[PDB]
Amino acid sequence: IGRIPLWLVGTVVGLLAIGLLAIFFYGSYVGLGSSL
Amino acid sequence: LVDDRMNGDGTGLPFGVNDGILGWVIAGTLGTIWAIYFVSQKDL
Amino acid sequence: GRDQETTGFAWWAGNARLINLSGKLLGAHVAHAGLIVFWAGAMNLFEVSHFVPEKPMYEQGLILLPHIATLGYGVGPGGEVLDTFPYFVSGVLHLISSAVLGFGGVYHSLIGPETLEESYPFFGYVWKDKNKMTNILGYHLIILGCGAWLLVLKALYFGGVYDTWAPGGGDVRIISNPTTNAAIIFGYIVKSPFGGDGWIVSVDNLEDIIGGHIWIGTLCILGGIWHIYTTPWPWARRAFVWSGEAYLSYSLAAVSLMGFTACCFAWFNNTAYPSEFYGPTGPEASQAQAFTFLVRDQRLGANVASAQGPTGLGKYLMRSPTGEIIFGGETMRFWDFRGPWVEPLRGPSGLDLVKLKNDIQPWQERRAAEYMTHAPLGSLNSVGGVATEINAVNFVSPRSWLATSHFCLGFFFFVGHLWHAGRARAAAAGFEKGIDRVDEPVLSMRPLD
Amino acid sequence: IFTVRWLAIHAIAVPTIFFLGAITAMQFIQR
Amino acid sequence: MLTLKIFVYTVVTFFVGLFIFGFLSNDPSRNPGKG
Amino acid sequence: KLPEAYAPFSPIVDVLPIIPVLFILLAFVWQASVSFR
Amino acid sequence: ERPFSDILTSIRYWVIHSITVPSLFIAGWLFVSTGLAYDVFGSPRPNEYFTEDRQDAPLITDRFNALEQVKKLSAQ
Amino acid sequence: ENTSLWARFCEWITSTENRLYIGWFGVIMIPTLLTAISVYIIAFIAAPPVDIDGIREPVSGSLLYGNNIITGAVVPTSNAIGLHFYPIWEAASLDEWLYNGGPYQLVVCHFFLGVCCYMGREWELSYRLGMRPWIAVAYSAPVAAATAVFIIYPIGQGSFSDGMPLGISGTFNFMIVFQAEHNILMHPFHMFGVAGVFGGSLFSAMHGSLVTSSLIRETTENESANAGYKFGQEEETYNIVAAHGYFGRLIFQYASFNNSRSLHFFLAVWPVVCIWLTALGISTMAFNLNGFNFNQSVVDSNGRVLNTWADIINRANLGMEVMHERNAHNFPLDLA
Amino acid sequence: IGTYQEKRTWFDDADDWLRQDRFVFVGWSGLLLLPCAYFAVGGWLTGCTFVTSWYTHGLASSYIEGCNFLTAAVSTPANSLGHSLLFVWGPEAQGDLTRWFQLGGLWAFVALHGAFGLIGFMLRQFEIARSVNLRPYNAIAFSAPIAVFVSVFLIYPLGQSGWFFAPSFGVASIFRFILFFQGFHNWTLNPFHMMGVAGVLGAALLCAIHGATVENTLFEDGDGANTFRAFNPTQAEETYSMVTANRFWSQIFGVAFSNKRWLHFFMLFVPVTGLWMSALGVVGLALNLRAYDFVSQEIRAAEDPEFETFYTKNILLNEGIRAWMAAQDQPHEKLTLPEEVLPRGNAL
Ligand code: CLA
Ligand code: CLA
Ligand code: CLA
Ligand code: CLA
Ligand SMILES: CCCCCCCCCCCCCCCC(=O)OC[C@H](COP(=O)(O)OC[C@@H](O)CO)OC(=O)CCCCCCCCCCCCCCC
Ligand SMILES: CCCCCCCCCCCCCCCCCC(=O)OC[C@H](CO)OC(=O)CCCCCCCCCCCCCCCCC
Ligand SMILES: CC1=C(/C=C/C(C)=C/C=C/C(C)=C/C=C/C=C(C)/C=C/C=C(C)/C=C/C2=C(C)CCCC2(C)C)C(C)(C)CCC1
Ligand SMILES: CC1=C(/C=C/C(C)=C/C=C/C(C)=C/C=C/C=C(C)/C=C/C=C(C)/C=C/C2=C(C)CCCC2(C)C)C(C)(C)CCC1
Ligand SMILES: CC1=C(/C=C/C(C)=C\C=C/C(C)=C/C=C/C=C(C)/C=C/C=C(C)/C=C/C2=C(C)CCCC2(C)C)C(C)(C)CCC1
Ligand SMILES: CCCCCCCCCCCCC/C=C/[C@H](O)[C@H](N)CO
Ligand code: OEX
Ligand SMILES: [Cl-]
Ligand SMILES: [Cl-]
Ligand SMILES: [Fe+2]
Ligand code: NA
């Protein structure tokens, strides 16, 4: 209870979600579905 | 030409006026409203 | 900072908590200015690093390298780039200046003086001090007049600014004898905003551009001195609301008008925004389609003056609403387009049939990259032209980008002006928080029916 | 725990994480 | 047809003048709130 | 491209535009850290 | 009552979630990378779209023998 | 203040005792909107055929020229005109002005000024009633959409013929051509707007259900249950305590909307910001920013085009494209 | 019940367990809604991720092939399958799951489970409203999304040739369905669709106006600049000035609401009525009973080469949609139409 800050947890989850969305947007320009 | 036309579309006319009468009626109307407001401002 | 229990503003309105804090307000401003100059330097360095020299400076998604290139920094005769060192120098100088500004903004936001009046009376200001606010406005007006005169100096004495209307396809041309005619400048500012004229997007020459800049710089300096040495008149006091929120709303309305106006410059102007750097405008590539198809179909052998379309109006040439001879396609809406590759081909009456037949120039023929791709279509995820085009070419027009974005942000800033003007009026009246519930104005009014 | 909250939360969370890993893997698949 | 332009210009100038001078004529004081 | 004395720093340059986007998110991190007081 | 604020802060949550979440991510990664997604859900590989016999879009054009036919015109 | 002409005019204009508030924004709203109403009605009833595409091929759009309410429309201005400001005094005759599409320009300009002054008048009445002023900010979204479809899109495309026709079938025509040339369905701002109207209907139904359901007895199966007490008491009916409990138990009882002010702020902000987004999507597609283009994005190992739902949308879009303006194009690539 | 002994059975214990306050309410309706809805959303997310559409439609509509979120979809079965329910055990799949995915059976799975999930959800609305002793106006309002879903995903394909002409569960799939209704049915010209459009637009307008009006008549109720904390659920007074709101809208619009009862009933009424009218219109379209043409207009334009309207333009656009969309839209029809018989304008 309160060992790791909740704002720190939410911030780390936010960077992970932003990075996952960045990978998803980068994959639209490479590989399958890249129109090339 | 087969008809009379204003021929004022374009040519960069200031405020769209092509005759002096338009500028004069604009100035006269604005001056009349300004005069009424000036002699009748501050409520009283 | 502070909490909501003392300031009364929630976190999503936290910048309101520093309305009455002069030092923190100044720190927020200086940090934000550092943000602007940081974007300028970083995006300039990004565009320089992502610059391919053989391609023109619009197939690469570059928007501000054309802004430096218009000033004449590293631009060849025809429109080539020559060198990117001025662009690199501009980016690095902006980055270092942004570092300095960010340090100052962070300092004044964190450990600067909380309120400026008790220690620095020159910089301290209450929002109800009309003389002090006009003093600050005068300082900024003199600064902006000096900024406009800096562009004037660059055009006049430092051998700069690129002219598209120079013969041969433009050149970096030092400007001599700018038109400082008050009739010309103010006839530009008071004329119609529609297709025949265009209110502010009508400058066809750098002489009128620099004359207007001379006028705006001199007027800004004089108005700055005037605001320094005056106090607002009683009619202005009765007309305006004197608060920091009302001043913000005035600035928001003015800057939203500027945003819409800049969107219109971007879409239509090809003089302050050269086609060699920004790509074709809306009217061109459409005029270029008709022009290139006319010259191609008369190169095959078919005459273009006596050729009519399916509707009997002319596949290549027709007449405008006024008796000028214009291009006969659907581009009859864009018959007002003025381009450097059109005017020597154009005469007093119309498009000069004899000039179309004989006096066509090879560089005007080679200016078919205007038409080919690069018409300001392009889709949101790049791809080619119209919405039904396939994934072939990676291009969207920079004019399209910084017209669409600027219209979006201009409309948002008009909305913000509405919000802040209303809240400032409600704050000055006394009911920004709601109705007093014991004496509401409605119960003191007669019913409608 | 293993209550209704645990079951619903994990029935949403586990396949979403599995599918997200699958999609991140499919981002690097090339023809 | 020129007189139509004159009449419309007079009407528009009239209404715009009413707008501007009415907002000049003590608009922030036309409130029920104390202030 | 960047000049020859700055070519190795171009990959560092390629990330610099997104810092202003990171700034408003930094403000949101600070609000989360002060628990949105 | 564990109102979802104390558990996310506690380290007991993240001790057992430093293995389960990455293991699920790796499981999905291997599920894709081993071709098991293709084998299970029947999606063709990028090299398994056109057989030598037919070079156009496939058509089912049957109902009661649809299983046999799709086994016939699938990627073997 | 009582014996002065401009005084009596000012406290008649700003008076809150009028049946409809006029105000200083109303002194501009009323004449422009009355002019637009008169010209729109007269044109819809008896407008002669007008050549919209600048190709000497007029369309009727008016009831006395043989069409109904659904297919009648005040047709946009001629393509030959462009956005060149064609009023009556710039014509040699009324017949010529009508043949070139001047009624559309008149109605659109007056309507834009009228809706802007209607927003200003909403602010003015909120100010004169001691209210809060952001009802005008909420109204700024339909005004933005009308400006985008009547002014901004013709500015971007270069001709008022690109404006939305003042009608129903003309609106559908504008929609289909806009689809063909900008792929509005695959535009994220348009998806935000569609989600906004769908969620606006959703939230309107939810709010109506929660407030109409959470009651204590004051209206019986008859007109009213006044047997407890008649009209003239401040003992309030309604509930928002059990309604929030019902809404919480509906899904998971943690998405707390117990604040009525926050709930109503969400109801105000969601469709307004989404209509802002879709209006700006139209304004961006005016400058041909267009929607998503995923045509032939999916290719196999050998590079053959695998068909796609986006490709089917592309086929429908190009089928629309070849039909639009069958006679108005002389050159292959559609740029103007 | 009703002052009776009522010896307890298994039903009383089951009812007591199901009707309890938890993180998520289950109830009797949760025996249907929770599995059916979970399976519908999971099947849609699985089909958008792994299940292809190459066999049935001849196109790629999944993440494993290179499609986006706006592009991948759970596609309908082939038209030759007709209105087959497409069970796994059925005569089509014959108990083979990996071919059942290839045969478009996931669409039928998702559609049937979504229909039963909607049934279970509005049953859950009934059960929760009965537990908290409130009128089921939420269920009455939710009857219109159920009607739209039934008429669109069930009644229209049952009226047509097969499930192939149903909406595939996706984004670009729904856009295809919408453009198909434009080109083949003239769905904008349908008065029922016009009523539905009016209902949705008026409902969004009502939501925005009501929210703005309440937020702009909020009373003082405090001293801070944030009005949101000025609200107290304990107090028995209204949080906004209905008299001020009524006078404002009476002097702005001419008419205004005077009853909160009527205001919120209208807010309930407009979108439900609009969606029900649109459902009736889609039912009319299920049998191709479309308001496609205006006979007087078409005869007038047939005998007059000059008469043109925007409706005639729309008819011409619909012809092009049909002609240029059918060949790649319906692979069962085998429309190998050459390019010259397809209609064209000039130069495009
Ligand atoms: C342009 C963006 C911007 C800027 C310049 C500011 C600036 C400021 N805000 Mg603010 N804010 C913003 C956005 C911004 N804000 C946004 C988007 C929100 C909504 C989430 C808020 C919500 C908010 C609230 C609720 C409050 C402020 C407050 C403040 C002021 C003091 C902060 C403080 O005292 O605590 C200290 C903050 C920190 C210690 C963390 C910041 C770390 C540094 C300063 C920046 C990051 C490092 C940076 C890279 C250093 C540069 C290095 C240099 C050498 C170049 C300050 C002037 C406070 C205020 O109003 O004063 C009364 C206040 O309470 N803001
Ligand atoms: C005479 C006093 C003075 C001067 C010279 C300035 C000058 C400036 N202020 Mg400042 N200000 C002042 C007083 C003054 N202020 C006071 C008393 C206050 C209240 C505390 C403020 C509050 C304030 C705020 C909140 C902000 C500024 C900002 C700025 C800068 C805006 C210009 C810009 O960045 O765009 C571009 C610059 C140009 C286009 C000019 C081109 C360069 C020319 C050639 C130099 C001009 C030299 C000229 C001969 C000297 C001017 C003479 C002087 C007497 C006016 C600018 C350099 C903004 C800022 O932070 O910017 C960093 C800002 O946000 N000021
Ligand atoms: C005046 C604003 C402006 C304009 C006109 C441009 C224009 C351009 N940029 Mg640029 N950029 C800008 C600002 C701008 N940028 C800013 C502020 C940054 C800092 C982050 C960048 C950083 C940047 C990079 C790194 C790159 C570009 C690139 C480009 C070029 C291609 C853009 C593209 O690929 O698609 C455009 C992208 C979009 C249209 C994304 C849409 C984002 C919208 C606005 C989100 C909002 C939607 C909605 C409201 C969301 C609500 C959620 C919210 C509440 C959180 C193009 C010419 C690329 C290039 O060519 O290099 C030279 C490139 O790589 N830009
Ligand atoms: C230079 C212009 C400017 C300035 C100085 C201010 C200043 C201020 N505004 Mg304001 N505003 C502006 C423009 C401006 N605004 C515009 C253009 C709009 C319309 C969109 C608004 C709408 C607005 C509202 C509704 C409110 C304020 C409020 C405030 C006050 C507190 C701000 C705060 O801390 O919120 C915190 C900041 C944030 C939480 C970040 C905002 C995130 C936005 C909404 C998402 C978009 C960001 C994204 C990156 C951009 C996507 C692309 C875009 C084109 C859509 C403050 C004094 C508040 C107030 O009234 O206090 C008195 C408040 O209620 N403003
Ligand atoms: C310059 C001012 C600009 C505004 C003028 C235009 C506004 C027109 C007035 C709205 C219509 C009046 C509605 C009558 C119905 C009416 O008067 O009902 C009266 C009703 C008031 O209800 P109460 O609050 O009194 O309800 C309690 C009662 O049950 C007990 O008396 O008004 C409303 O329902 C709220 C407003 C709804 C208004 C809906 C708008 C309908 C659009 C109409 C479009 C017509 C077709 C197009 C024309 C061809
Ligand atoms: C064709 C060229 C086109 C471009 C030219 C455009 C020129 C526009 C110049 C307008 C500038 C006036 C600013 C006043 C703003 C309101 C001041 C006020 O609230 O004023 C109120 C204020 C309160 O004390 O009073 C005062 O300070 C009095 C100061 C106001 C000055 C009065 C203007 C001069 C009056 C001349 C009368 C015109 C009479 C009719 C002429 C008929 C011709 C046949
Ligand atoms: C107050 C505040 C805030 C704000 C902040 C800010 C805004 C900050 C900033 C800042 C800034 C504004 C910064 C900037 C900077 C810059 C820098 C730091 C720089 C630099 C330098 C360098 C080092 C470079 C180098 C180079 C060159 C020279 C060229 C080549 C390349 C390279 C890159 C290498 C926030 C929101 C958070 C929250 C609230 C509080
Ligand atoms: C540089 C340049 C140029 C120049 C320009 C100029 C010169 C400009 C200007 C301008 C100007 C000269 C402006 C002015 C202005 C003003 C304004 C814009 C205003 C205002 C305001 C308002 C809006 C008001 C309101 C009100 C009223 C109505 C009354 C009462 C009070 C109040 C406030 C309410 C040129 C183009 C040549 C060339 C290129 C560049
Ligand atoms: C098929 C089938 C089935 C069913 C199954 C199930 C029921 C499951 C599942 C599942 C699931 C359930 C999955 C999932 C997925 C998910 C995902 C893939 C996600 C995502 C993505 C994204 C992109 C996101 C984003 C976001 C948002 C929007 C929100 C917040 C923030 C974030 C950023 C996170 C069985 C076997 C029975 C048999 C029959 C058939
Ligand atoms: C409007 C452009 C003017 C260009 C020249 C600027 C010169 C600046 C002179 C400032 C005028 C001084 C007026 C003095 C005002 C005093 O504060 C009060 N009238 C004292 O009674
Ligand atoms: O006019 Mn109506 O619309 Ca704008 O695109 Mn080109 O031109 Mn026409 O085409 Mn598609
Ligand atoms: Cl053409
Ligand atoms: Cl058409
Ligand atoms: Fe309510
Ligand atoms: Na054609």
Side-chain angles (χ1 to χ4, degrees), chain A residues 3-6 8-28 30-33, chain D residues 1-30, chain G residues 2 4-43 45, chain H residues 252 254, chain I residues 23-24 34-35 37-52 62-69 72 74 97-98 101 106 109-110 113:
Chain A
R3 282 292 104 197
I4 293 167
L6 183 63
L8 183 63
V9 162
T11 304
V12 166
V13 169
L15 281 72
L16 294 174
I18 285 166
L20 208 75
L21 195 62
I23 301 299
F24 287 177
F25 268 104
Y26 151 77
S28 49
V30 292
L32 288 184
Chain D
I1 317 293
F2 273 56
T3 58
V4 194
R5 174 164 93 174
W6 194 99
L7 262 70
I9 280 296
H10 293 61
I12 301 299
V14 161
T16 43
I17 295 298
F18 188 87
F19 273 51
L20 279 180
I23 289 172
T24 308
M26 293 182 286
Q27 290 325 293
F28 306 103
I29 289 187
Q30 63 198 321
Chain G
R2 306 296 189 178
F4 270 43
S5 44
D6 48 359
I7 49 173
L8 294 176
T9 51
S10 67
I11 62 170
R12 183 178 293 172
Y13 182 81
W14 293 111
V15 161
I16 62 170
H17 284 65
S18 44
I19 297 89
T20 50
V21 192
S23 66
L24 271 182
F25 209 93
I26 292 306
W29 194 288
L30 294 174
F31 178 68
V32 168
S33 291
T34 46
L36 194 53
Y38 297 106
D39 297 338
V40 162
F41 298 99
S43 193
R45 270 98 164 171
Chain H
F252 67 119
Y254 195 83
Chain I
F23 168 73
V24 65
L34 295 181
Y38 186 73
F39 285 158
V41 191
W44 176 77
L45 282 152
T46 317
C48 282
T49 318
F50 303 113
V51 180
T52 186
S62 69
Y63 295 154
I64 192 66
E65 311 182 270
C67 314
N68 290 318
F69 157 71
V74 181
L97 190 81
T98 187
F101 284 132
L106 194 46
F109 176 87
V110 168
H113 282 68

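Residue numbers begin at 1 in each chain, while the letters A, B, ... track the order of the sequences. Just the heavy atoms: all of them, side chains too, but no hydrogens, waters or symmetry mates, feed the values below.
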Any side-chain heavy atom of [X] sitting closer than 4.5 Å to one from [Y]?
| X | Y | result |
| --- | --- | --- |
| D:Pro15 | I:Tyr38 | yes |
| I:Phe50 | I:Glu65 | no |
| D:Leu20 | A:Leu20 | yes |
| I:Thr46 | D:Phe19 | yes |
| I:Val51 | I:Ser62 | no |
| I:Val24 | D:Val4 | yes |
| I:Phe109 | I:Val74 | no |
| I:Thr49 | I:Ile64 | no |

Rounded distance (nearest 0.5 Å) linking atom [atom1] of [X] with atom [atom2] of [Y]:
| X | Y | atom1 | atom2 | value |
| --- | --- | --- | --- | --- |
| G:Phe25 | G:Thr20 | CZ | OG1 | 13.5 Å |
| G:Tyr13 | G:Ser18 | OH | OG | 11.0 Å |
| A:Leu6 | G:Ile7 | CG | CD1 | 10.5 Å |
| D:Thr3 | G:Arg2 | OG1 | CZ | 12.5 Å |
| A:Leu32 | I:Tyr63 | CG | OH | 14.5 Å |
| I:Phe39 | I:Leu34 | CZ | CG | 11.0 Å |

Over 12 non-hydrogen atoms of neighbours within 6.0 angstrom of CD1 in G:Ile11
no
Might you confirm whether atom CD1 of D:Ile1 has over 12 heavy atoms from other residues, nucleotides or ligands at distances under 6.0 Å?
no
For [X] and [Y], which heavy atoms make the closest approach, and how far apart are they?
| X | Y | value |
| --- | --- | --- |
| I:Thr52 | G:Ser43 | CB-OG, 3.4 Å |
| D:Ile9 | G:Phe4 | CG1-CZ, 3.9 Å |
| I:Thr98 | G:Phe41 | OG1-C, 4.1 Å |

Aromatic plane relationship, D:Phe28 with A:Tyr26 - under 30° parallel, 30 to 60° tilted, over 60° perpendicular:
tilted
Anything under 30° is parallel, anything over 60° is perpendicular, the rest tilted; go ahead and classify D:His10 against D:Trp6.
parallel
Salt-bridge contact G:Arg45-G:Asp39 (side-chain N to carboxylate O under 4.0 Å):
yes
Check: A:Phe24 ring centroid to I:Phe69 ring centroid under 6.0 Å
no
With a 6.0 Å cut-off on the ring centroids, do G:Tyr38 and G:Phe31 count as close?
no
Walk me through it: do G:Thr9 and A:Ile4 pass the test side chain to side chain contact (heavy atoms under 4.5 Å, CB included)?
CA-CA 5 Å; G:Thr9 51; A:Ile4 293 167; 5.5 Å; no
Side chains of D:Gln27 and D:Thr24, donor plus acceptor under 3.5 Å:
no
